[PDB]
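See structure below.
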Amino acid sequence: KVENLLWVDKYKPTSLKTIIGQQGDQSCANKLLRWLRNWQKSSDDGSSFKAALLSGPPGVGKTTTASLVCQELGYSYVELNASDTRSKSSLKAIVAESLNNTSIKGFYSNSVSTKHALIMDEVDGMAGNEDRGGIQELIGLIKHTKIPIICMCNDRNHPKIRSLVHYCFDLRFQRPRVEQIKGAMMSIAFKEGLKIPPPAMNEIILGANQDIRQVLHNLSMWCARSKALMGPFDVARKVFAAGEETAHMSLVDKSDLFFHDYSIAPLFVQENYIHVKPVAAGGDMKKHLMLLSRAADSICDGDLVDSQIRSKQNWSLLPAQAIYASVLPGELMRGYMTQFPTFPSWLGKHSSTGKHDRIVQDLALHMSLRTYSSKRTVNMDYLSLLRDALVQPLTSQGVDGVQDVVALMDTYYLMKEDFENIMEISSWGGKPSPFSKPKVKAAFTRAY
Amino acid sequence: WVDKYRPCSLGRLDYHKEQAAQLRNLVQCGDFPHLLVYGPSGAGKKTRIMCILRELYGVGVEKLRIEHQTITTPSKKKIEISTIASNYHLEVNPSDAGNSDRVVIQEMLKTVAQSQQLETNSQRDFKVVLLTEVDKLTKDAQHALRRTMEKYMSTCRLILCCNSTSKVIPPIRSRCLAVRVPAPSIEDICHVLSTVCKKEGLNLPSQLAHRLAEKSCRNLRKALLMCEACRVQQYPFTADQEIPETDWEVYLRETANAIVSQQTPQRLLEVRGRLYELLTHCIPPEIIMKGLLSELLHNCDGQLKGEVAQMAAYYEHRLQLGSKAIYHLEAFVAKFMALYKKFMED
Amino acid sequence: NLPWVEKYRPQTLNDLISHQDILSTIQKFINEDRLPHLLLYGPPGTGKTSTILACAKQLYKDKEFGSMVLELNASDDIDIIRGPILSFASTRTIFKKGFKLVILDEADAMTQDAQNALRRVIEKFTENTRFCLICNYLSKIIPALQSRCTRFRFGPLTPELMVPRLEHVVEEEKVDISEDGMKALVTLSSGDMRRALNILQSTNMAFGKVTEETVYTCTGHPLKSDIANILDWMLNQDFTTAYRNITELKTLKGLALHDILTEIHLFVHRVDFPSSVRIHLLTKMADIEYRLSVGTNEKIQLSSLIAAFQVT
Amino acid sequence: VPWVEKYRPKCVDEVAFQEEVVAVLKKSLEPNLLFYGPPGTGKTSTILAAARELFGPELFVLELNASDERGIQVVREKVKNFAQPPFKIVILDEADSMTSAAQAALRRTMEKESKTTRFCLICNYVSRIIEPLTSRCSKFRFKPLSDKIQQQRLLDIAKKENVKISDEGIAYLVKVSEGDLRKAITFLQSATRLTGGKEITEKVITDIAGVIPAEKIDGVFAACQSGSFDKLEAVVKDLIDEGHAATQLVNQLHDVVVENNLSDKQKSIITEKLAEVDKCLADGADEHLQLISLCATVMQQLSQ
Amino acid sequence: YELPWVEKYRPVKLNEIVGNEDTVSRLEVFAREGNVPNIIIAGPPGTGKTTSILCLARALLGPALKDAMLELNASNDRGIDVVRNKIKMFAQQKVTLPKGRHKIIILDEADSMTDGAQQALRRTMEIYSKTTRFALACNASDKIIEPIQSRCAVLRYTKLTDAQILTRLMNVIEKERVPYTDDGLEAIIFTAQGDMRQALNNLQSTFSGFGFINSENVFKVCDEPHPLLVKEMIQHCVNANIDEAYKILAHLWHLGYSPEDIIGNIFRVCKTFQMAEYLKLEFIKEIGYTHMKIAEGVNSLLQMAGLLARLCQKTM
Ligand SMILES: Nc1ncnc2c1ncn2[C@@H]1O[C@H](COP(=O)(O)OP(=O)(O)OP(O)(O)=S)[C@@H](O)[C@H]1O
Ligand SMILES: Nc1ncnc2c1ncn2[C@@H]1O[C@H](COP(=O)(O)OP(=O)(O)OP(O)(O)=S)[C@@H](O)[C@H]1O
Ligand SMILES: Nc1ncnc2c1ncn2[C@@H]1O[C@H](COP(=O)(O)OP(=O)(O)OP(O)(O)=S)[C@@H](O)[C@H]1O
Ligand SMILES: Nc1ncnc2c1ncn2[C@@H]1O[C@H](COP(=O)(O)OP(=O)(O)OP(O)(O)=S)[C@@H](O)[C@H]1O
Ligand SMILES: Nc1ncnc2c1ncn2[C@@H]1O[C@H](COP(=O)(O)OP(=O)(O)O)[C@@H](O)[C@H]1O
Ligand SMILES: [Mg+2]
Ligand SMILES: [Mg+2]
Ligand SMILES: [Mg+2]
Ligand SMILES: [Mg+2]
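Residue numbers (the deposited numbering), protein chains in the order written: chain A, 580 to 622, 639 to 705, 710 to 828, 846 to 1053, 1056 to 1066; chain E, 4 to 349; chain C, 19 to 95, 98 to 332; chain D, 38 to 66, 71 to 101, 105 to 128, 142 to 361; chain B, 34 to 349.
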């Protein structure tokens, strides 16, 4: 029998113990469950909010989490997608009179249950002229509400959302680890009668960046290719080989190796060129180091071409980049890859840099008495000395940690969130923070 | 206490007293011009600027706030900026908007000009728009700055707080009074340290203050922080204290020492990890290059120092042209390894 | 009064010169009602907006010319596509039977999204509205869009072809042109009849006579003798006295370093070098040009150029 | 009002030392105007005097610069808007910094509007302007005033405004801003606010003009003359800690290298490195590293 | 009025698409079983994306193609209001199709939709996936926001090898009986650069303008710098003969070929050339550097001459 349903809908998390991402003690779905179950006490340390803000990368389970949470506690929700106009007038004419009202689902059910909630999905889509004034009216509704509003975003570091997070319990979905998704998708592929080697599964989960919807669509396409009877890692491994590509490859082929996924190939090459042993340099480290420096020079030339292509959309320099970042290093490093074409790992470092950047910028803005520098190391050294200032009273005497922490926290207009930010921000080399090196911290969070 | 003993009046400054009297005479005469104040970091540009504002407007220039404005790119990539503002001025850093620095300048100058049209009567007939870190503005943005600086000349004055004006277009240098704030001398740093400790009532000796000054390298903020940080650890001040240095200074130093120790790719990978740990903490790549180059030059030979200096200059130049700084940093390191090993071995 | 660039416009299709193949093919297209979408590209002043206007006036009448021809410039503004162009291409004209014509001058200033929209508009209405795009850089046009239409490269006019038209203009008017004033006009024009006629008219109207000196002074073009002098200072003098001489000449007349550098390149290729020295001169001059493109001091770049020539 | 405009010429044949431009500017009623010359030589002053003579004090000319950040389209659009004394005058400053493609478009805009608006292109190089625009225009060179005249006018200004400056102070004021009367007057103005009229010594001029003192340049050459790399590091660190921009160091170092008795090979090498360092600084490279590199090259050139 | 060959010979079923055997094989599987996912077909122009989506939609629906398919080009209004009204009312609309068939919403030129439109399209894609399937096409697959790629299979398309374009060109020639010659076919394949629609357009234009197909005639309608001149110039640069390569360079500059075009052809010819390998790479490096400097805006003949001087001094 033909199936009229995708895998994304056949194997959706029909229950709450099936969300692949978070099945722990205090995870994005259990924290939300506990915030909702005792929301009535509002009208985790999030019981003081009137709305949640589930934010994170795509395809991780935000929509499913909110629906299943509101569905387990017997709540009944009104979803407002981005495909529903949400301008100020439309929003305050559709959902204004429903916030402080009783739902008719609370009387007439086909059991009967009160506790109606609202779900404002894709809140960062409330941009443009169509949804003019959506976020302002939304925070104005959150301020005066009597039912739990559950907003879902996609990037908390957004200008429009930054004025909203101040009113919402801030949850943050993490990309699920590869082992969790691996177990889940292996069980699914077993249900489906599709046999895939676990290495290929790890390849699929990594290439899709741990996006469960994308890995499910990729498994569907895989099974499609299987019934019909070249990925990033494969081409990244094919550029540093010797023995089989002597006559098989020419300049056109080596240049084409770049064009398979030209948006990610240079990153793969720059990451994996260092684990090669140049056949041309037969163990002579003096030549192996020289080949490494020449390959690095070529990769920087590729970066120059890339930064030139990005500014003005001039797609005529793509072959030049393919020569500088993918073919050249190939001829320079043409030995034998040691272990495996690991992921580029530059995107994660750039995201973490953006996080540390905005964290330091916020912490420094609160220190705007008469001194400020936006995000420089000027503030990184004020904040290293502030971390050594704070931890000193408590390192040396348990009785003065509170007095000094408060005196400084209020002299420079800092909060507990600011304390947490300043602690695990100056940990170089994975060194533990000088705050975990006991009994006073428990009363420290409770008495502050 | 870095923000606890910085002066607030031009007559209260600790060093460059002739320049202080000159600035006081300037703000006393009519028609305050556009100021371009520059000089090495940590020399007192912001202190002098705040003193100029205290002499210009009332003391109400200290009761400031923090406004968060949103700008719109020539597309839907919205950006949010932070403007520290008072009742008479506005301090914005129009460079966090990476390449959208041309619109923030226009819009902020417009908004300040229109707000001054709303009954600015306190003591002056103009407002101040303090733009910090100007030398990192894009040329398309400095041209907009030049245009909107005269377009609203009558109602708002600009104070550009940059350093090493080398990357400021001459069209701007020709429309701003150039105030130059050199780094204070070693003796000036020693005297301000002794003054701060005496107002604190401490026992700062004469041989520790000089070590603090020589290590701070003419940077007053670094010296004050080092003095404050050698107190949080060992109050009694002796002649041989182990005065601390920031975390990233140590990291960058041990990274350079690691590059010097081994010359193997397995070492180059660890150096790549260290460069990532440095970049991730948001320290500029130019600072990384200068700090790496110094500790490297301490471990080379006089005949090799020329090549290494030129290599650092070349790589750093190229890094200011590309997008991913780690590529050029790792290239510089790899090249220095391939050169240093060939020199030491041979 | 009336400029000569308009008085001597080719009114018919045969009064065009130097494009006999393209003109014959377009005329054959007209005769057989097989006129495809046209893409006319090439350097300025070569006869594109005149070719298509003659073709139009041959195709429609003079009263149908307001309701069946949309002459639209693309440098004024994606909205222009779905706006007037889509509303012009999709609708018939009431009583006239036949296709329409849309002439997009400067068709390369269009963003790529606008060219996608326009390519779909073209693909849809291709039997009641023929598009004629006109550009200078075919490389700026999306390969998709250009695929749709037949391309015609209107290259520059060789000086043999364009001299007879200038001679006819001279005889019809009264211009006492020297035997080399024509040469120094053809050279400075660089193969666009518009600039040639404009320079000729403006000089004849300003000074009253055209010769090899008058045109060089009317256009402010650096004279050949001056660049020879500069090359002699660089090649047969001391460094400092060459710097002094070149700076004095560069400030005496209005002269930048781009123009000095271009003419000096042409001279490096003119005069005889050991052919391993001009590889150095050429490399260094091509680096000095890039250095000047980023907004640097010209006092240090001029000295760099003299340093380049001091290989001798 | 600033002194750069308070002491502008009010007429055409009044004070402008250039004679062949003030005679033709009377018949200016060759449709357009084209002035070129070194900066601060009365380029805009002369046309403003001509426009106040022709139009009148209340009849008030759109002046905008062609080096805008907002592209060329907004320039010609503004010209069209201004288009609608049988004509109006539009002034284009820095008209040489327009790329050839942007001058082609300005050419179309100014030749389609060649009935109601007269143009004036002000530049420093007539060769940078393409042949159509120059061929349509009438050129006028503006040569700087003689050194003695400069000092004369500056003394006149200092006596009209009561600014007690030594005569050697005026000589150094005109020397520090070479042949730039506008820059010299602006420096004289903004250097008396800095003193309140008590006394304007040459140190105030050296600070306002941004000129690094010749002592530091001699120290740089003394270090790179013969010495280890440590001396170069020390002198460059001291020069950066003083605030002096690297552009000025490169400029003055070049000025010293060119007109001294170094060999032709040494001058060639040092000046090539100076040009490369100047481009590197203009590209946003770090001043300390570029100065270290330049000093290393100069040292390996002189010490050998 | 006869319609062009780009349409008269458009393949009407996926067995006639010569583009990418693996992806077209996947799509034939989908046209057989019948439960397609939302697919984003991305690739260079002229390679058969619109054709593949159209043939897939036809083979799926059949005679209900007028009732179950909604196509929205780039020439159609596709703002947030259209995405919120027309596309949504079509997704909700009831059409009764066979067991595994679904309605199809073909958004051609998906990279031309503003971000707001795609944000408004997300949940429409997600909710009605039980009866509505989306088939987007694009060239720049990064102009599509990430949440839209998260709910689509991103099928990649690549340029066509010369053999495939040659097979299809011969299939068309056989039907049209156009007199040809091998040099003409090689000229068309050189001027095509993979675009299978460019090749057909050049073939038809050449045949309609002149008839017989020979390289001399192909380069009379395309008219780009003849690759023989560029081969000769690169050859002179290999022998370190600057004065003979600048000859050809100034000849090309005399005919008004824009330097971007000259560099494009020099690159495309120096890539598939007959030098050594290390020397070829040392040449391609310099040609790439000069291409960067010309795209940046420094497009004078002096830069081309400097490139020739560097190419010469690479071989001493
Ligand atoms: N944690 C998860 N466990 C199981 N299935 C998941 C999980 N996350 C996503 N999925 C699958 O992916 C589909 C879509 O997930 P959603 O929760 O809708 O993604 P999302 O968080 O809404 O992403 P957006 O809305 O684009 S930011 C579901 O129908 C599931 O099949
Ligand atoms: N082949 C030609 N025969 C006769 N006159 C010509 C020819 N080419 C140019 N001209 C003259 O030059 C003038 C300008 O030619 P145009 O056709 O306008 O050039 P153009 O291609 O439109 O240049 P653009 O639009 O700036 S790219 C016309 O008015 C003619 O007088
Ligand atoms: N020849 C002159 N005759 C009269 N006044 C002059 C002369 N040269 C300079 N000046 C004076 O110097 C001042 C500046 O002249 P400007 O016309 O502004 O120079 P400039 O051409 O504008 O230089 P720019 O704008 O920086 S390129 C005016 O206030 C004049 O009083
Ligand atoms: N792979 C192919 N096999 C056969 N014919 C093809 C192929 N690709 C293109 N064609 C022909 O080219 C014509 C146009 O191709 P399209 O399907 O429009 O390509 P396209 O992917 O839409 O290109 P775009 O939309 O400009 S990016 C079709 O009518 C076919 O005749
Ligand atoms: N005249 C002064 N007296 C005492 N301390 C000063 C003085 N000038 C600067 N400082 C110190 O430097 C700190 C900040 O330096 P700042 O004025 O910001 O210079 P920069 O802007 O170059 O960093 C002040 O908090 C103060 O500690
Ligand atoms: Mg969702
Ligand atoms: Mg035209
Ligand atoms: Mg002027
Ligand atoms: Mg298509």
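In this text, a Cβ means the ideal position worked out from N, Cα and C, and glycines have one as well.
With distances taken from CA atoms, which of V61(D), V41(D) and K43(D) is nearest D50(D)? Of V61(D), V41(D) and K43(D), the residue nearest in Cα terms is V61(D).
Through-space distance from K81(C) to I114(C), alpha-carbon basis | Cα to Cα, the separation comes out at about 14 angstroms.
Worksheet item: Terminal residues of the continuous beta strand (DSSP E) containing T73(E)?
Response: Note, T73(E): beta strand (DSSP E), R68 to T75.
Checklist entry - Would you call the CB atoms of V895(A) and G951(A) closer than 7 angstroms? => result Contact flag set, yes.
Q. Can you find a C-beta in chain D that's less than 7 angstroms from the C-beta of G240(C)?
A. For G240(C), at least one C-beta of chain D is nearer than 7 angstroms to its own C-beta.
- Three or more beta-carbon pairs under 8 angstroms between the segment 37-49 of chain E and the segment 256-264 of chain E, yes or no? By the Cβ criterion, the segment 37-49 of chain E is not in contact with the segment 256-264 of chain E, since fewer than three pairs of Cβ atoms, one from each stretch, lie closer than 8 angstroms.
### Message
Nearest by alpha-carbon distance to residue 352(E): which of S125(E), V137(E) and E122(E) is it?
### Response
In the structure as shown, chain E begins at 4 and stops at 349. Residue 352(E) is therefore absent and cannot be evaluated.
Checklist entry - Apart from the five residues on each side of it in sequence, which residues of its chain come closer than 7 angstroms, Cβ to Cβ, to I146(D)? => result Take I146(D), set aside five residues on each side of it, and the residues of its chain with a beta-carbon closer than 7 angstroms to its own are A92, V105, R175 and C177, in chain order.
Short check: CB of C238(C) to CB of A248(C), under 7 angstroms? Not in contact: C238(C) and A248(C) (Cβ atoms no closer than 7 angstroms).
Measuring only the C-alpha atoms, how far is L161(E) from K81(E)? Within the model, the alpha-carbon separation for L161(E) versus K81(E) is close to 26 angstroms.
> Closer than 7 angstroms, Cβ to any Cβ of chain C: which residues of the segment 321-337 of chain D, in chain order?
Replying inline: Answer set for the segment 321-337 of chain D: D321, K324, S325, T328, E329, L331, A332, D335 and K336.
Residue-level contact to chain D via CB, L255(C), 7 angstroms cutoff:
No, because no Cβ of chain D sits closer than 7 angstroms to the Cβ of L255(C).
Next on the checklist: Quick check: is the beta carbon of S222(C) nearer than 7 angstroms to any beta carbon in chain D?
Outcome noted: Under the Cβ criterion of 7 angstroms, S222(C) is counted among the residues facing chain D.
Inset, instruction - Establish whether the CB of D997(A) and some CB of chain E are separated by less than 7 angstroms. - result: The C-beta of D997(A) comes closer than 7 angstroms to at least one C-beta of chain E.
Exercise. Buried or exposed: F144(D), going by 16 or more other Cβ atoms within 10 Å of its Cβ?
Worked result: With fewer than 16 Cβ atoms within 10 Å of its Cβ, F144(D) is classed as exposed.
Who are the near neighbours of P1056(A) in its chain, counting only those whose CB is closer than 7 angstroms to its CB and skipping five residues on each side?
Within the same chain, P1056(A) has no close Cβ partners at all.
Practice prompt. Return no unless some Cβ of chain C is closer than 7 angstroms to the Cβ of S238(B).
Written response: With 7 angstroms as the cut-off, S238(B) counts as an interface residue toward chain C.
Report task. Just jot down, in chain order, the residues whose CB lies closer than 7 angstroms to any heavy atom of ligand 8. Result -> This selection yields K84(D), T85(D), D150(D) and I179(D).
At least one CB of chain A closer than 7 angstroms to the CB of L324(E): is that the case?
-> Chain A contact via Cβ: present.
Is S984(A) near ligand 5, in the sense that its beta carbon is under 6 angstroms from a heavy atom of that ligand?
-> No, Cβ of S984(A) sits at least 6 angstroms from all heavy atoms of ligand 5.
| query | Would you report the Cα separation of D17(E) and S984(A), rounded to the nearest angstrom? | reply | If you take the alpha carbons of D17(E) and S984(A), they lie about 23 angstroms apart.
Could you name the residues of chain B that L933(A) contacts, counting a contact when the two beta carbons are closer than 9 angstroms? Neighbours of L933(A) on chain B, chain order: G321, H324, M325 and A328.
For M996(A), which three-state DSSP category applies? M996(A): helix per DSSP, three-state reduction.
Using a Cβ cut-off of 9 angstroms, pull out every chain C residue sitting near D298(D), in sequence order please.
Near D298(D) there are no residues of chain C at all, since even the closest Cβ is about 24 angstroms away, more than 9 angstroms.
| Neighbouring residues (CB closer than 6 angstroms to any heavy atom of ligand 6) | Result: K657(A), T658(A) and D720(A).
Since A92(C) meets chain D, which of its residues come closer than 8 angstroms, beta carbon to beta carbon? Result: empty, since nearest Cβ-Cβ is about 12 angstroms, beyond 8 angstroms.
Query - Contacts of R166(B) in chain C (Cβ-Cβ under 7 angstroms) - result: Ordered by position in chain C, no residue passes the 7 angstroms Cβ test against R166(B), which lies about 22 angstroms from the chain.
Margin query: Counting only beta-carbon separations shorter than 7 angstroms, does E729(A) have a partner in chain B?
Written below: Judged by the 7 angstroms Cβ criterion, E729(A) is in contact with chain B.
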